[PDB]
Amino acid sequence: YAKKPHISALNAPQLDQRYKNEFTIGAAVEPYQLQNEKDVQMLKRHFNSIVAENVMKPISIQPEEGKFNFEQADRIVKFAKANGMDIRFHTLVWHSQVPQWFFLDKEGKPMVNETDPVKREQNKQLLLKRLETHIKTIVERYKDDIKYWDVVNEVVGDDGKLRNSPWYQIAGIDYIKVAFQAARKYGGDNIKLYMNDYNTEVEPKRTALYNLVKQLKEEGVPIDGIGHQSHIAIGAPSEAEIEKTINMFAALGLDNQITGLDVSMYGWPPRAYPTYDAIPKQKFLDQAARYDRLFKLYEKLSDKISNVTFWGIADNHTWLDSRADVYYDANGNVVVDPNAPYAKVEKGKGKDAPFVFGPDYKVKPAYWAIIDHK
C-alpha cells in the first residue's frame, strides 16, 4: 500500500521473520558492506541467508594456480555464522570471472587452439583435474559452514544449446559432471548442490535446462536443486510462466532457490533514468504490484522453494546500474521511450531501483506489498 510510510527499514517489521516458515530471505553482499553500519543493521534485521556478490567467484578465489585468496570469503562466512545466517557459495564453476590459467596447455597456449585429438584429450583431462583441485580446496575449507552451493553457473546457452564456453569446448559435458561429483566427494552428503542460471523460464533454455539435469541425475551425477537468478522486469516473465518453471523442476525432485532476485524498473535493453530522484512515483507502484504478485506466487509454491535471495541489500547498490544505459536525443533530453528517437547513449550511467528498500534505507512501496498478508 502507498499510504504506508517511508519509514526506516531498521524500524520496519523484519522481512525474514515474515517468511520464516516458507523460505529463507537472503541478500548478495560485498565485504566492504560488513564495514558499513547501515548494511550491518539491514542484514541483521531483515535477512537470514547470505551470498557473496563477488569474492567467492573463480577469479576471486584462485587468480593464479596455487594462489588461494580466502580472506574476503572468510569475512562473509564469519559474519553469517556470527548472526546465524545460511550461506550460499557463488559459484564453483563459471564462464565469467574465471582466470585464464585454467584453459592453457603445458606450453601455455589456449587449449581451445589445439587441433591434435591426442593433445585435445590431454588438455581435457588437465582441465578436469584443475577443476577438481579448485573445487577440492574450496569445499574442504567450507564444507561445515556453507550449506548451499552453486556448483555450476550459466552453463546452458540461451539458444537452447549448452553454452560453448572454454569449459565446454575443452572438456565437453564432462566438466559439468566432474563439477558436481567433486563437490559431493569432498563436502559429503550434507551440503546441497545446485545448478544456477538466468532466464530459467524462457524457452528453448528452460526445457534445455530440464533435459540436462534430468539426464545427469539419471546418470547418478549429484545435483540437488535449481537456482533461478530471476533478473526480471515489472511485466516479464509472467507469474504464470514462473510457476510453470518452478513446477517443472520440482517434479524431478529438485529444490528451487530464487538466487539473484531483482525487479527492474526498465525493459530490454534498458532505457534508464539518469538518477534515482528522476524515476516517477508511479513506477514504484508498478514495481510494488509485481512484487506482491511475485511473492504471493512464491508463498503458494513454498513447498517447492527453500530460499529467496535478492541480488543486493538496498537500492543504493545494485549491479543493475551497470546495465542502466541512458539515452539522449539531439537536444540532450533523456529518452526512456523504448522506440523513440535519440542520438547518443551513455552506457551504465543510469540508476535502477530493484529492491524493496530505497537508497536511504527507508521502506519502499514494494516492501509493504510483500510484508503484509494480502
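Residues carry their position along the shown sequence, with the first being 1.
Student: So which stretch wins on mean C-alpha B-factor, 338 to 346 or 52 to 60?
Tutor: Higher of the two, by average CA B-factor, is 338 to 346.
Student: Given the B-factors recorded for C-alpha atoms, which segment has the greater mean, 10 to 18 or 362 to 370?
Tutor: Averaged over C-alpha atoms, the B-factors run higher in 10 to 18.
Student: Looking at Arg141, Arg271, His90, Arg206, which one carries the largest C-alpha B-factor according to the PDB entry?
Tutor: Largest recorded C-alpha B-factor: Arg206.
Student: Highest Cα B-factor in the deposition, which of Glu154, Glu121, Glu243, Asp150?
Tutor: Answer for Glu154, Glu121, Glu243, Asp150: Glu121, with the highest C-alpha B-factor.
Student: How does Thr133 rank on Cα B-factor within its chain, lowest, middle or highest third?
Tutor: For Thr133, whose C-alpha B-factor we compare with every modelled residue in the chain, the answer is the lowest third.
Student: Going by the CA temperature factor in the PDB record, which third of the chain does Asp145 belong to: lowest, middle or highest?
Tutor: For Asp145, whose C-alpha B-factor we compare with every modelled residue in the chain, the answer is the lowest third.
Student: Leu320's Cα B-factor: lowest, middle or highest third of the chain?
Tutor: Middle third.
Student: Sorting by Cα B-factor within the chain, modelled residues only, which third would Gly235 end up in: lowest, middle or highest?
Tutor: Answer is middle: the recorded C-alpha B-factor places it there.
Student: Would you check the entry's CA temperature factor for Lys78 and let me know if it's in the chain's lowest, middle or highest third?
Tutor: It falls in the bottom third of the chain.
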